[PDB]
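Undergrad: Structure file start08.txt, compact mmCIF, C-alpha atoms, is pasted below:
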# COMPACT_ATOMS: atom_id res chain seq x y z
CA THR A 27 0.00 0.00 0.00
CA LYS A 28 1.98 2.92 -1.42
CA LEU A 29 1.30 6.66 -0.84
CA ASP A 30 1.12 8.73 -4.05
CA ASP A 31 4.06 10.57 -5.65
CA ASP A 32 2.61 14.05 -4.94
CA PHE A 33 2.32 13.21 -1.20
CA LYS A 34 5.87 11.88 -1.16
CA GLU A 35 7.13 15.07 -2.90
CA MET A 36 5.46 17.35 -0.31
CA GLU A 37 6.86 15.09 2.46
CA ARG A 38 10.34 15.46 0.92
CA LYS A 39 10.09 19.27 0.68
CA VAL A 40 8.86 19.30 4.30
CA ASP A 41 11.85 17.15 5.39
CA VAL A 42 14.28 19.51 3.55
CA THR A 43 12.60 22.58 5.10
CA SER A 44 12.98 21.03 8.58
CA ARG A 45 16.63 20.09 8.11
CA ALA A 46 17.40 23.56 6.62
CA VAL A 47 15.70 25.22 9.59
CA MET A 48 17.83 23.37 12.16
CA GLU A 49 21.17 23.61 10.32
CA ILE A 50 20.68 27.27 9.46
CA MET A 51 19.84 27.99 13.11
CA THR A 52 22.99 26.17 14.35
CA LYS A 53 25.26 27.89 11.83
CA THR A 54 23.87 31.36 12.52
CA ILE A 55 24.63 30.86 16.22
CA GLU A 56 28.15 29.58 15.43
CA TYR A 57 28.59 32.67 13.24
CA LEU A 58 27.43 35.08 15.96
CA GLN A 59 29.52 33.31 18.61
CA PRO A 60 32.34 31.20 17.10
CA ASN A 61 33.66 30.66 20.66
CA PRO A 62 31.82 27.50 21.96
CA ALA A 63 31.81 28.67 25.61
CA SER A 64 30.05 31.89 24.52
CA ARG A 65 27.21 30.31 22.48
CA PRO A 87 31.60 39.29 27.07
CA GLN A 88 32.17 39.94 23.36
CA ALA A 89 35.74 39.61 21.95
CA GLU A 90 35.59 43.27 21.04
CA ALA A 91 34.88 44.03 24.72
CA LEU A 92 37.89 42.01 25.85
CA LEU A 93 40.02 44.03 23.38
CA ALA A 94 38.33 47.30 24.43
CA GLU A 95 39.24 46.68 28.08
CA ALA A 96 42.90 45.91 27.27
CA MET A 97 43.28 49.01 25.12
CA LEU A 98 41.59 51.11 27.86
CA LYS A 99 43.63 49.74 30.79
CA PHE A 100 46.93 50.12 28.92
CA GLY A 101 45.98 53.63 27.80
CA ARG A 102 45.45 54.54 31.48
CA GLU A 103 48.65 52.82 32.69
CA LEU A 104 50.62 54.74 30.07
CA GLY A 105 49.17 58.18 30.99
CA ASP A 106 48.17 61.27 28.97
CA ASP A 107 51.75 62.48 28.40
CA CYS A 108 52.46 62.04 24.67
CA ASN A 109 50.22 60.37 22.03
CA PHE A 110 49.94 56.55 22.19
CA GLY A 111 48.24 56.27 25.60
CA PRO A 112 45.52 58.79 24.52
CA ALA A 113 45.11 57.04 21.13
CA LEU A 114 44.53 53.77 23.00
CA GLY A 115 41.77 55.49 25.02
CA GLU A 116 40.13 56.64 21.77
CA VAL A 117 40.40 53.23 19.99
CA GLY A 118 39.56 51.37 23.18
CA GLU A 119 36.28 53.42 23.35
CA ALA A 120 35.52 52.73 19.69
CA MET A 121 35.95 48.96 20.33
CA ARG A 122 33.57 49.25 23.34
CA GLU A 123 30.92 50.85 21.16
CA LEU A 124 31.35 48.12 18.50
CA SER A 125 30.77 45.62 21.23
CA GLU A 126 27.54 47.45 22.33
CA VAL A 127 26.18 47.14 18.73
CA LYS A 128 27.40 43.49 18.42
CA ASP A 129 25.52 42.75 21.57
CA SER A 130 22.35 44.25 19.98
CA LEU A 131 22.94 42.03 16.88
CA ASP A 132 23.02 38.85 18.93
CA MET A 133 19.81 39.86 20.78
CA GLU A 134 17.89 40.98 17.68
CA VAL A 135 18.93 37.75 15.80
CA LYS A 136 17.98 35.52 18.76
CA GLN A 137 14.56 37.14 19.09
CA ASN A 138 13.72 37.64 15.43
CA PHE A 139 15.40 34.71 13.69
CA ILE A 140 16.59 31.97 16.02
CA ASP A 141 13.44 31.86 18.27
CA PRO A 142 10.89 32.02 15.38
CA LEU A 143 12.69 29.05 13.73
CA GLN A 144 12.85 27.01 16.96
CA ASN A 145 9.10 27.50 17.50
CA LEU A 146 8.51 26.53 13.82
CA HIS A 147 10.41 23.33 14.57
CA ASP A 148 8.67 22.70 17.92
CA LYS A 149 5.13 23.44 16.75
CA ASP A 150 4.34 23.19 13.00
CA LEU A 151 7.10 20.75 11.91
CA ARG A 152 6.49 18.69 15.06
CA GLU A 153 2.70 18.38 14.40
CA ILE A 154 3.45 17.24 10.81
CA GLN A 155 5.79 14.49 12.07
CA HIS A 156 3.07 13.35 14.47
CA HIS A 157 0.55 13.33 11.60
CA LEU A 158 2.94 11.20 9.52
CA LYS A 159 3.30 8.77 12.45
CA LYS A 160 -0.48 8.24 12.80
CA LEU A 161 -0.80 7.96 8.99
CA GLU A 162 1.94 5.30 8.96
CA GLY A 163 -0.04 3.29 11.53
CA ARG A 164 -3.38 3.64 9.65
CA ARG A 165 -1.66 2.78 6.37
CA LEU A 166 -0.38 -0.52 7.83
CA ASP A 167 -3.81 -1.27 9.33
CA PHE A 168 -5.49 -0.89 5.95
CA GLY A 169 -2.67 -2.93 4.40
CA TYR A 170 -3.53 -5.74 6.82
CA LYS A 171 -7.32 -5.55 6.44
CA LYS A 172 -6.98 -5.63 2.64
CA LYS A 173 -5.34 -9.06 2.94
CA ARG A 174 -8.26 -10.16 5.17
CA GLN A 175 -10.64 -9.14 2.35
CA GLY A 176 -13.94 -11.10 2.32
CA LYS A 177 -12.89 -13.11 5.40
CA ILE A 178 -13.71 -10.08 7.63
CA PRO A 179 -16.80 -7.87 7.70
CA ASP A 180 -16.73 -5.28 4.91
CA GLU A 181 -17.59 -2.59 7.48
CA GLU A 182 -14.28 -3.54 9.19
CA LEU A 183 -12.46 -3.03 5.85
CA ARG A 184 -14.42 0.18 5.10
CA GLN A 185 -13.41 1.56 8.57
CA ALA A 186 -9.68 0.92 8.05
CA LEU A 187 -10.01 2.52 4.62
CA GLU A 188 -11.65 5.74 5.67
CA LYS A 189 -9.51 6.06 8.83
CA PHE A 190 -6.46 5.81 6.55
CA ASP A 191 -8.04 8.47 4.31
CA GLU A 192 -8.82 10.78 7.23
CA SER A 193 -5.14 10.58 8.30
CA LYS A 194 -3.82 11.01 4.79
CA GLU A 195 -5.85 14.26 4.50
CA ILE A 196 -4.81 15.61 7.92
CA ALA A 197 -1.11 15.07 7.08
CA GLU A 198 -1.43 16.48 3.59
CA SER A 199 -3.19 19.69 4.64
CA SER A 200 -0.59 20.27 7.41
CA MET A 201 2.31 19.80 4.93
CA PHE A 202 0.61 21.90 2.24
CA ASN A 203 -0.02 24.86 4.56
CA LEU A 204 3.61 24.95 5.76
CA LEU A 205 4.68 25.04 2.11
CA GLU A 206 2.23 27.77 1.04
CA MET A 207 3.08 29.98 4.05
CA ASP A 208 6.86 29.86 3.16
CA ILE A 209 6.99 33.62 2.65
CA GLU A 210 7.05 33.67 6.45
CA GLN A 211 10.49 31.97 6.28
CA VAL A 212 11.53 34.68 3.88
CA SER A 213 10.39 37.23 6.52
CA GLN A 214 12.67 35.43 8.98
CA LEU A 215 15.62 35.61 6.54
CA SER A 216 14.79 39.26 5.98
CA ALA A 217 14.89 39.78 9.80
CA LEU A 218 18.43 38.24 10.03
CA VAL A 219 19.60 40.47 7.18
CA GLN A 220 18.01 43.67 8.56
CA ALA A 221 19.66 43.20 11.92
CA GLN A 222 23.11 42.58 10.31
CA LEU A 223 22.51 45.61 8.07
CA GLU A 224 21.78 47.81 11.06
CA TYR A 225 24.79 46.49 12.99
CA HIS A 226 27.13 47.15 10.09
CA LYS A 227 25.76 50.66 9.52
CA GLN A 228 26.35 51.54 13.18
CA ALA A 229 29.89 50.06 13.05
CA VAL A 230 30.59 52.32 10.05
CA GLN A 231 29.46 55.42 12.08
CA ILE A 232 31.56 54.39 15.12
CA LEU A 233 34.66 53.80 13.01
CA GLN A 234 34.23 56.88 10.83
CA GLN A 235 34.26 58.94 14.02
CA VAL A 236 37.32 57.34 15.51
CA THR A 237 39.06 57.68 12.12
CA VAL A 238 38.72 61.47 12.30
CA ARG A 239 40.28 61.53 15.79
CA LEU A 240 43.32 59.49 14.76
CA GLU A 241 43.91 61.46 11.56
CA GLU A 242 43.73 64.72 13.52
CA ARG A 243 46.16 63.25 16.08
CA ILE A 244 48.57 62.16 13.32
CA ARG A 245 48.47 65.61 11.66
CA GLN A 246 49.38 67.69 14.71
CA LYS B 28 72.09 55.26 40.34
CA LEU B 29 69.65 56.39 37.64
CA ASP B 30 67.79 59.69 36.90
CA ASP B 31 64.09 59.57 37.99
CA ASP B 32 63.51 60.27 34.33
CA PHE B 33 65.46 57.14 33.26
CA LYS B 34 63.34 55.06 35.69
CA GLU B 35 60.14 56.62 34.31
CA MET B 36 61.15 55.82 30.73
CA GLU B 37 61.91 52.27 31.80
CA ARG B 38 58.41 52.02 33.37
CA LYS B 39 56.74 53.32 30.20
CA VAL B 40 58.72 50.89 28.04
CA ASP B 41 57.54 48.00 30.20
CA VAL B 42 53.88 49.09 29.79
CA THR B 43 54.27 49.60 26.01
CA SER B 44 55.83 46.16 25.77
CA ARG B 45 53.03 44.49 27.78
CA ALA B 46 50.38 46.51 25.84
CA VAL B 47 51.77 45.42 22.46
CA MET B 48 51.53 41.72 23.36
CA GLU B 49 48.17 41.79 25.14
CA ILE B 50 46.55 43.80 22.31
CA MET B 51 47.98 41.58 19.53
CA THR B 52 46.59 38.52 21.32
CA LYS B 53 43.17 40.13 21.86
CA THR B 54 43.02 41.40 18.25
CA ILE B 55 43.67 37.89 16.92
CA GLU B 56 41.07 36.41 19.25
CA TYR B 57 38.62 39.03 17.96
CA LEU B 58 39.29 38.10 14.28
CA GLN B 59 39.04 34.40 15.07
CA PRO B 60 37.14 33.83 18.32
CA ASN B 61 37.02 30.03 17.88
CA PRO B 62 40.18 28.48 19.49
CA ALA B 63 40.16 25.56 16.98
CA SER B 64 40.08 27.95 14.02
CA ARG B 65 42.89 29.81 15.82
CA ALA B 66 45.29 27.05 14.65
CA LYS B 67 46.56 28.69 11.45
CA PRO B 87 36.44 28.41 6.24
CA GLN B 88 35.15 31.50 8.14
CA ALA B 89 31.75 31.10 9.84
CA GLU B 90 29.93 33.26 7.25
CA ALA B 91 31.02 30.87 4.52
CA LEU B 92 29.71 27.82 6.36
CA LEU B 93 26.38 29.61 6.79
CA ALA B 94 26.50 30.69 3.09
CA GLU B 95 27.05 27.05 1.99
CA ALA B 96 24.34 25.58 4.19
CA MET B 97 21.85 28.12 2.77
CA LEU B 98 22.96 27.42 -0.83
CA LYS B 99 22.80 23.66 -0.38
CA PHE B 100 19.30 23.71 1.14
CA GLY B 101 18.11 26.27 -1.44
CA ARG B 102 18.95 23.79 -4.25
CA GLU B 103 17.89 20.68 -2.38
CA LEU B 104 14.42 22.10 -1.60
CA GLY B 105 13.51 22.13 -5.29
CA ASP B 106 10.62 24.51 -4.76
CA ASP B 107 10.35 27.92 -6.45
CA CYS B 108 7.72 29.61 -4.36
CA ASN B 109 9.73 31.73 -1.89
CA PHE B 110 12.03 30.09 0.69
CA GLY B 111 14.13 28.25 -1.94
CA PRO B 112 14.99 31.32 -4.07
CA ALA B 113 15.50 33.54 -0.94
CA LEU B 114 17.99 30.98 0.47
CA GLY B 115 20.03 31.34 -2.73
CA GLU B 116 19.88 35.18 -2.44
CA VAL B 117 20.92 35.32 1.21
CA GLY B 118 23.34 32.44 0.67
CA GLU B 119 25.24 34.55 -1.86
CA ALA B 120 25.10 37.67 0.38
CA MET B 121 26.65 35.59 3.22
CA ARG B 122 29.42 34.36 0.89
CA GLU B 123 30.13 37.94 -0.16
CA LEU B 124 30.50 38.93 3.55
CA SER B 125 32.78 35.93 3.99
CA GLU B 126 35.09 37.37 1.30
CA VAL B 127 35.35 40.88 2.75
CA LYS B 128 36.00 39.20 6.11
CA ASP B 129 38.96 37.34 4.52
CA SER B 130 40.28 40.68 3.34
CA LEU B 131 39.93 42.12 6.89
CA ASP B 132 41.77 39.22 8.53
CA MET B 133 44.59 39.57 5.96
CA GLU B 134 44.77 43.37 6.19
CA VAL B 135 44.85 43.36 9.98
CA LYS B 136 47.60 40.74 10.17
CA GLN B 137 49.63 42.66 7.62
CA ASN B 138 49.14 46.27 8.77
CA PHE B 139 48.65 45.79 12.50
CA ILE B 140 49.61 42.39 13.95
CA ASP B 141 52.98 42.08 12.02
CA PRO B 142 54.06 45.68 12.70
CA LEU B 143 53.44 45.03 16.43
CA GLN B 144 55.23 41.66 16.49
CA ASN B 145 58.14 43.39 14.70
CA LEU B 146 58.18 46.13 17.38
CA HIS B 147 58.33 43.33 20.00
CA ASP B 148 61.04 41.28 18.20
CA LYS B 149 63.26 44.21 17.29
CA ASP B 150 62.98 47.57 19.15
CA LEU B 151 61.69 46.28 22.48
CA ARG B 152 64.12 43.35 22.47
CA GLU B 153 67.00 45.76 21.70
CA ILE B 154 66.05 47.85 24.74
CA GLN B 155 65.96 44.80 27.05
CA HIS B 156 69.46 43.86 25.68
CA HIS B 157 70.79 47.38 26.44
CA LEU B 158 69.20 47.33 29.91
CA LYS B 159 70.85 43.95 30.63
CA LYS B 160 74.29 45.20 29.52
CA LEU B 161 73.76 48.27 31.77
CA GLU B 162 73.19 46.00 34.80
CA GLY B 163 76.41 44.18 33.81
CA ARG B 164 78.31 47.49 34.00
CA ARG B 165 76.74 48.18 37.42
CA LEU B 166 77.88 44.79 38.75
CA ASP B 167 81.38 45.31 37.30
CA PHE B 168 81.64 48.67 39.11
CA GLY B 169 79.74 47.40 42.19
CA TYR B 170 82.46 44.77 42.67
CA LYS B 171 85.46 47.09 42.11
CA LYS B 172 83.92 49.34 44.81
CA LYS B 173 85.00 46.67 47.36
CA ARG B 174 88.64 47.60 46.66
CA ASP B 180 91.28 54.49 41.44
CA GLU B 181 91.93 55.33 37.77
CA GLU B 182 90.21 51.96 37.25
CA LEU B 183 87.31 52.47 39.73
CA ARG B 184 86.52 55.47 37.53
CA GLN B 185 87.12 53.78 34.15
CA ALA B 186 84.26 51.47 35.13
CA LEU B 187 81.88 54.26 36.25
CA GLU B 188 82.63 55.82 32.85
CA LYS B 189 81.67 52.51 31.22
CA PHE B 190 78.36 52.39 33.17
CA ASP B 191 77.65 56.03 32.18
CA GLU B 192 78.32 55.04 28.57
CA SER B 193 75.92 52.06 28.86
CA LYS B 194 73.31 54.32 30.60
CA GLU B 195 73.19 56.68 27.63
CA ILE B 196 72.87 53.84 25.11
CA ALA B 197 69.98 52.43 27.12
CA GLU B 198 68.29 55.80 27.58
CA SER B 199 68.64 56.88 23.94
CA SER B 200 66.97 53.58 22.97
CA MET B 201 64.03 54.07 25.36
CA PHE B 202 63.78 57.74 24.33
CA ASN B 203 63.56 56.99 20.62
CA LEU B 204 60.78 54.40 21.07
CA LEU B 205 58.72 56.77 23.31
CA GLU B 206 59.31 59.93 21.29
CA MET B 207 58.33 58.19 18.02
CA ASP B 208 54.91 57.35 19.65
CA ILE B 209 52.91 58.47 16.63
CA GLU B 210 53.99 55.32 14.78
CA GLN B 211 51.98 53.24 17.26
CA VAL B 212 49.03 55.66 16.70
CA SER B 213 49.66 55.08 13.00
CA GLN B 214 49.42 51.32 13.62
CA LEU B 215 46.09 51.73 15.55
CA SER B 216 44.93 53.78 12.61
CA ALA B 217 45.51 50.86 10.25
CA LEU B 218 43.41 48.55 12.40
CA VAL B 219 40.53 51.05 12.23
CA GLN B 220 40.87 51.63 8.46
CA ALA B 221 40.75 47.89 7.83
CA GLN B 222 37.63 47.58 10.09
CA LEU B 223 35.91 50.55 8.44
CA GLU B 224 36.54 49.32 4.89
CA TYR B 225 35.18 45.92 5.92
CA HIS B 226 32.01 47.32 7.50
CA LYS B 227 31.36 49.67 4.55
CA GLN B 228 31.53 46.76 2.08
CA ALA B 229 29.26 44.69 4.42
CA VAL B 230 26.71 47.54 4.42
CA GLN B 231 26.59 47.62 0.59
CA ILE B 232 26.37 43.79 0.32
CA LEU B 233 23.53 43.74 2.81
CA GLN B 234 21.71 46.68 1.14
CA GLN B 235 21.64 44.86 -2.19
CA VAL B 236 20.12 41.70 -0.68
CA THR B 237 17.67 43.78 1.42
CA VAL B 238 16.22 45.04 -1.90
CA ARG B 239 15.94 41.49 -3.30
CA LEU B 240 14.05 40.31 -0.19
CA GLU B 241 11.68 43.28 -0.08
CA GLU B 242 10.61 42.80 -3.73
CA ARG B 243 9.91 39.13 -2.91
CA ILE B 244 7.88 40.04 0.17
CA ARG B 245 6.16 42.75 -1.91
CA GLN B 246 4.72 40.23 -4.42
CA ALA B 247 3.31 38.03 -1.64
As structure tokens, please, write out the structure in this file.
TA:
Amino acid sequence: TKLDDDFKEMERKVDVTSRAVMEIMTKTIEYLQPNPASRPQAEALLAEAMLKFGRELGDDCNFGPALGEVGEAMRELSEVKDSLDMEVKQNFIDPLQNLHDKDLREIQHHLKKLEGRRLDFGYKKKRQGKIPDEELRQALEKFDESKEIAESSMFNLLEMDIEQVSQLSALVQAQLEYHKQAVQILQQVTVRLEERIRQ
Amino acid sequence: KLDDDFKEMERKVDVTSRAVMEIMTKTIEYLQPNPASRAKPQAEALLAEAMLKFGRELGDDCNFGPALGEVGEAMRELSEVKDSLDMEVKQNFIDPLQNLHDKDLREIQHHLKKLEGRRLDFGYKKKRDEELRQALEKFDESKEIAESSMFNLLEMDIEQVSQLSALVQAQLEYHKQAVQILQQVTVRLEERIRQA
């Protein structure tokens, strides 16, 4: 008793969608935080070093003060990197985890029940004429009820896929905003170093 | 005995030395925060490739599949400008600072060690006079070699500022290129969302 080719195609797209969703989530996290114990920013740890050594050196000449300026720039960068991790967790990671825990999970449960009903009907078909026809009819329409529940769940997830595009757009918007802010921070510290070099 | 100014220069050289090392190490760890990658595939490129793979495997042209290709290629683009940053920072910031450590700062520790040698030479002859003063003249000579070394490093300060400047320039170029990459793919995703 073999499910149609259209049902198997939807089921395959649904399996790809689910695997994409988990691997993309994992890889976005590993991109945000390549350090496995982090999954303070690295830029903060650098900021602090530059700042402490700037202070230890004093305001006498030019290097100590430059370290204060660059140290502060790095601290700012870390503030905006911290906002990136938060906005990506909330708007990209969490929506995909929920997708996995709710919609993709219900589908898998639907496929499990369908697999059971399918085997039931398989069995009753072999008992054909030796069992009541009502008993065969029941296995048949129970199998059909399941097939329809599964197929409408898979179909809806596939037709609502523009929501996954909204999630991708959320990841990108957050990175865009982070990078734009980093440009402003660094443009400003650039001016202060160039001035300092020129005097 | 040493001028309070010689001792102050020595102090500042110590700090500069310790700053140079700590900051190199923290800059590297900021380019590559994963210790296992820090042996020598950036993280953006592994994301890019996952998105590209799943885009093509999905085999569905409604929305998600095409968008994965679009963002996949954006992520690979960011990967490339990140390569450039890592290379630029190593070349214009990390190497200049390792060179300052290996050459100038080493040279000053060598001079300061010779100077102590001279002190011990004199500090032993003090237990027993044209000689007890030929040694104090040798110390004095070593003092001025040491202090002209320290002086030159500290006075030429603006080179270190110039090195910080190269770290910033590399970061700024990187972030500017990341902005434009991300702007182009923002347009592709909005047109897609606009149809739906």
Undergrad: Ranking B:188, B:139, B:87, B:110 by minimum distance to residue 212 in chain B and counting all atoms listed in the file, which one comes first?
TA: B:139
Undergrad: List the neighbours of residue 205 in chain A out to 12 Å using all atoms listed in the file; skip same-chain residues closer than 4 positions along the sequence, and give me the result as an MDAnalysis selection string.
TA: (chainID A and resid 35:44 150:151 154 198:201 209:212) or (chainID B and resid 104:111)
Undergrad: Residues of chain A within 7 Å of chain B, counting all atoms listed in the file, what are they? List them as number ranges by chain.
TA: A: 39, 42-43, 46, 50, 53-54, 56-57, 60-61, 89-90, 92-93, 96-97, 100, 104, 109-110, 113, 208-209, 211-212, 216, 219, 223, 226-227, 229-230, 233-234, 237, 240, 244
Undergrad: In Å, how far is it from CA of residue 243 in chain A to CA of residue 130 in chain B?
TA: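 Taking CA of residue 243 in chain A as the start and CA of residue 130 in chain B as the end point, the length is 26.6 Å.
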Undergrad: Give me, as an MDAnalysis selection string, all polymer residues having an atom no more than 10 Å from range 184-188 of chain A, counting only C-alpha atoms and skipping those fewer than 3 positions away in the same chain.
TA: chainID A and resid 164:172 179:181 191:194
Undergrad: Around the point (41.7, 49.7, 29.1) in the file's coordinates, collect all residues with an atom within 10 Å, using all atoms listed in the file, and return them as a ChimeraX atom specification.
TA: /A:91-103,111,114-115,117-119,122 /B:46
Undergrad: Export C-alpha atoms of the chosen residues as a CSV table (one decimal), keeping the file's coordinate frame?
TA:
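Result written to again.csv:
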chain,number,residue,atom,x,y,z
A,91,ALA,CA,34.9,44.0,24.7
A,92,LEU,CA,37.9,42.0,25.8
A,93,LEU,CA,40.0,44.0,23.4
A,94,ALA,CA,38.3,47.3,24.4
A,95,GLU,CA,39.2,46.7,28.1
A,96,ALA,CA,42.9,45.9,27.3
A,97,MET,CA,43.3,49.0,25.1
A,98,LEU,CA,41.6,51.1,27.9
A,99,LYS,CA,43.6,49.7,30.8
A,100,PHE,CA,46.9,50.1,28.9
A,101,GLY,CA,46.0,53.6,27.8
A,102,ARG,CA,45.4,54.5,31.5
A,103,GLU,CA,48.6,52.8,32.7
A,111,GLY,CA,48.2,56.3,25.6
A,114,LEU,CA,44.5,53.8,23.0
A,115,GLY,CA,41.8,55.5,25.0
A,117,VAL,CA,40.4,53.2,20.0
A,118,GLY,CA,39.6,51.4,23.2
A,119,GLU,CA,36.3,53.4,23.4
A,122,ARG,CA,33.6,49.2,23.3
B,46,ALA,CA,50.4,46.5,25.8
Undergrad: So how far away is CA of residue 191 in chain B from CA of residue 30 in chain B, in Å?
TA: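 Between these atoms lies a distance of 11.5 Å.
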Undergrad: Padding of 4 Å on every side, edges along x, y and z, all listed atoms of range 61-96 of chain A included: what centre and edge lengths in Å, to one decimal, does that box have, as lines of an AutoDock Vina configuration file?
TA:
center_x = 35.1
center_y = 37.4
center_z = 24.4
size_x = 23.7
size_y = 27.8
size_z = 15.4
Undergrad: When you look at residue 199 in chain B with a cut-off of 12 Å (counting all atoms listed in the file), what residues show up, excluding the ones that are within fewer than 6 positions of it in the same chain? I need them as a PyMOL selection string.
TA: chain B and resi 33+36-37+150+153-154+157-158+192-193+205-207
Undergrad: With distances taken over only C-alpha atoms, which of B:204, B:161, B:183, B:98 is nearest to residue 29 in chain B?
TA: B:161
Undergrad: Under the rule that all atoms listed in the file are counted, which of A:152, A:159, A:65, A:173 is the nearest residue to residue 136 in chain A?
TA: A:65
Undergrad: Please, what distance in Å, to one decimal, runs between CA of residue 137 in chain A and CA of residue 124 in chain A?
TA: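 Separating CA of residue 137 in chain A from CA of residue 124 in chain A is a distance of 20.1 Å.
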Undergrad: For a cutoff of 12 Å around the file-coordinate point (18.5, 32.6, 16.9), which residues qualify once you count all atoms listed in the file? I'd like the result as a ChimeraX atom specification.
TA: /A:47-59,65,131-145,214-215,217-218,221
Undergrad: Kindly reconstruct range 147-158 of chain B with N, CA, C and O atoms and present the result as a CSV table (one decimal), in the coordinates of the input.
TA:
chain,number,residue,atom,x,y,z
B,147,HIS,N,58.0,44.2,18.9
B,147,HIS,CA,58.3,43.3,20.0
B,147,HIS,C,59.7,42.6,19.8
B,147,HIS,O,60.6,42.6,20.6
B,148,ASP,N,59.9,42.1,18.6
B,148,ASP,CA,61.0,41.3,18.2
B,148,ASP,C,62.3,42.1,18.0
B,148,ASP,O,63.4,41.6,18.1
B,149,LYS,N,62.1,43.4,17.6
B,149,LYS,CA,63.3,44.2,17.3
B,149,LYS,C,63.5,45.3,18.4
B,149,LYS,O,64.3,45.0,19.3
B,150,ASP,N,62.8,46.4,18.3
B,150,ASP,CA,63.0,47.6,19.2
B,150,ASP,C,62.9,47.3,20.6
B,150,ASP,O,63.8,47.6,21.4
B,151,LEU,N,61.9,46.6,21.1
B,151,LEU,CA,61.7,46.3,22.5
B,151,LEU,C,62.7,45.3,23.0
B,151,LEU,O,63.1,45.4,24.2
B,152,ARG,N,63.1,44.3,22.2
B,152,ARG,CA,64.1,43.4,22.5
B,152,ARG,C,65.5,44.1,22.6
B,152,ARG,O,66.2,43.8,23.6
B,153,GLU,N,65.8,44.9,21.7
B,153,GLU,CA,67.0,45.8,21.7
B,153,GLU,C,67.2,46.5,23.0
B,153,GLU,O,68.2,46.6,23.6
B,154,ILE,N,66.1,47.1,23.5
B,154,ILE,CA,66.0,47.8,24.7
B,154,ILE,C,66.3,46.9,25.9
B,154,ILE,O,67.0,47.3,26.8
B,155,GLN,N,65.6,45.8,26.0
B,155,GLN,CA,66.0,44.8,27.0
B,155,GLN,C,67.5,44.4,27.0
B,155,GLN,O,68.1,44.2,28.1
B,156,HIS,N,68.0,44.2,25.8
B,156,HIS,CA,69.5,43.9,25.7
B,156,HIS,C,70.4,45.0,26.3
B,156,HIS,O,71.1,44.7,27.2
B,157,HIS,N,70.2,46.2,25.8
B,157,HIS,CA,70.8,47.4,26.4
B,157,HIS,C,70.6,47.5,27.9
B,157,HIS,O,71.6,47.7,28.7
B,158,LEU,N,69.4,47.3,28.4
B,158,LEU,CA,69.2,47.3,29.9
B,158,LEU,C,69.9,46.2,30.7
B,158,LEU,O,70.3,46.4,31.8
